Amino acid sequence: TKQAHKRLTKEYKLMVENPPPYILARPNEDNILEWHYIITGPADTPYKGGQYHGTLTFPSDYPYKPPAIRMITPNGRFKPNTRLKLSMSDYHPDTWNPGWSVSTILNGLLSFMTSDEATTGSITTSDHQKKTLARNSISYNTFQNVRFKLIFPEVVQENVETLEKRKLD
């Protein structure tokens, strides 16, 4: 659709100019409504050093409804490939501000992932499992994530170089 294409094209430029900290995102070149994000685990969180691939599927009525949020890389916090039930705290739960940027949505997602709140899609693991999946996340996206190789071919090239350096030390 024309309205969402122009808005999401603007969102991408704003994100290219100033990406949100720890978050990279770009739209699928064959579908502007489907964005693919990569979350880098913050230092204080057990997800440190993790490469976390997920999708942001914007509805056809964009920008009037929220997107569907999923996570693909095994991480220990969310069930992979499961739509996350995230709503906006309000008197009416079905409230969506049409003016929230994509960077605002992703920053809120990371802030939720760093917390311990539960929702539809939240899984309960330990901290040793979140650290283990954080270490193997780069390997997963490079070899076991078909959508990662299609959307992020250059990041796959950064991953293979990274893993070779991980053999050192």
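Numbers follow the displayed sequence, beginning with 1.
Query raised in the report: According to the deposited model, is the average Cα temperature factor higher in 155-163 or in 21-29?
Result: Result of the comparison: 155-163.
Report task. Would you tell me which stretch averages the higher CA B-factor in the PDB entry, 70-78 or 85-93? Result -> Between 70-78 and 85-93, it is 85-93.
Requested in this report: Have a look at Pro63, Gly108, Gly54, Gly49 and flag the one whose Cα has the highest B-factor in the entry.
Outcome: It is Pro63.
Query raised in the report: Which listed residue, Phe112, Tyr37, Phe58, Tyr140, has the largest C-alpha temperature factor in the record?
Result: Highest CA B-factor of the listed options: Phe112.
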